Every structure is written in C-alpha cells, then in structure tokens.
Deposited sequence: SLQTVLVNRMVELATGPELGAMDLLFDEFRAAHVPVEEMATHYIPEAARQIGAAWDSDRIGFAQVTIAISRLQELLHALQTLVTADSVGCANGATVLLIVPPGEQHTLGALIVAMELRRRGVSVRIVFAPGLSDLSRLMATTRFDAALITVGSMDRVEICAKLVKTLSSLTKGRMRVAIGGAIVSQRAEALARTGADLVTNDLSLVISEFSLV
C-alpha cells in the first residue's frame, strides 16, 4: 500500500493549486527517507503515468496536467543535480511540449553509462557543429504527438544530410506506444521506447 500512498502524495501535491508544491514534496519524501535516485527513476515516472491516466479518464483538466508535470519536471531537474564511452544527442524537436519523458530517458541512459546531451529545437547550424565530427555515436528524438511527426521527419532528413546517412537516429515518445507505425515513415534507424534496444542496436556500451 505504501508505494501507492507515496505516489498519490506526489500526484496530489503536483496537481494541487497551492504553491511551493515541490519544495514541500522534496521535504516530505526525504523526511520519509526515500532516496533521491528512486524519487527520480521510480516515483516521478510512476506519478507522471498516473497523472496521464487521470487525464485519459477526464478526472484532471489540461491545466492540472500542465502544472503537475512542469512541477515534476522541476523536481526531476533538481534531483538530477544532486546525483549523477559513448555519447548520444537527445533532441526535443521544436514545439514538442512532452518533455518529461526525454529527461527520464537521459537519466536512464547516463545511469547505464551513455553520456547524453539534451538540446531543444536545434536549427541547421545548431546541429552542424555537432555532426561535423564523429562527436556523437547516435541521435535520439522524442515525439509526443502526431502533429510533430513531419517535423521529426525533417530532423531525421537533416541529420541524414549533415552526415550522408551515417548518423544513427532512434525515435521514441508517447506516439511510439500508440502508433509506432506512424513514425516508420520518418526514416529513423530505430523506433522504440526500449532503451536496452537502443543501447544494443547502436552498441552504446
């Protein structure tokens, strides 16, 4: 019962209208002696999915979703500061608003020994630095919604052009769970949310 009590308290403070929510959440969890890693890698993912399922069933509104995940995003940021050879480039495409999952991915990958650099909406000359050498062993793209899929295909195409097809590109996100075949048009080398498959297929360890 206890783990669901703790998640519900994470969700209740995240969704709640009253301020200071994540400072209060951090105090209560550490007073309960939940360590920082499992706050990061277990509770915040689990509370995020429970918030998502609460929206599926029309029990919380869009703005509650917006404030709760942005708060959990704020908490996850601070926890990863406290607790920390291949390198991947993790790209959040322009106008992609589902961003918590890529933070969870980067911390998972770093824990498995893969260095990650997270970039938001990189242009052609943002990318072109980072592909002019063999600096990154792969690029990773998150995609949350169908209206981002065309922008993701342009990213893969532009990544392919700045390297003549030699940059390996994996795609994950909330789209992959529902409709992974919708990203099969983008020309990525790999469409999965399984990080062990990304790691094995690109040989990142």
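Participant: Which parts of the deposited sequence have no C-alpha atoms in the model?
Facilitator: One region goes unmodelled: 85-92.
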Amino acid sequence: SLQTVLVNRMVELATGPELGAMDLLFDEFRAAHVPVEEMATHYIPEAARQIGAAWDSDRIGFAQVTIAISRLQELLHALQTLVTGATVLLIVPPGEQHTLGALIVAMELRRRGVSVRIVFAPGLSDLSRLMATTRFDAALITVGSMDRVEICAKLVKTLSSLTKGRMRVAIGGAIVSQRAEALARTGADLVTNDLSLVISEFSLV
From here on, numbers count along this sequence of modelled residues.
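Participant: Using the B-factors recorded in the PDB entry, average over the C-alpha atoms of 132-140 and of 150-158, then report which stretch comes out higher.
Facilitator: Per the PDB record, 132-140.
Participant: If you average the Cα B factors in the entry, which is higher, 34-42 or 167-175?
Facilitator: That would be 34-42.
Participant: Name the one of 86, 105, 124, 119 with the greatest CA B-factor according to the PDB entry.
Facilitator: So the option with the highest C-alpha B-factor is 124.
Participant: Which one of 12, 194, 189, 18 shows the biggest C-alpha B-factor in the PDB entry?
Facilitator: The record points to 18.
Participant: Once the chain's modelled residues are ordered by C-alpha B factor and cut into thirds, is residue 198 in the lowest, middle or highest one?
Facilitator: Lowest third of the chain for residue 198's C-alpha B-factor.
Participant: Lowest, middle or highest third: which one holds residue 7 when the chain's residues are ordered by CA B-factor from the entry?
Facilitator: Its C-alpha B-factor belongs to the lowest third of this chain's values.
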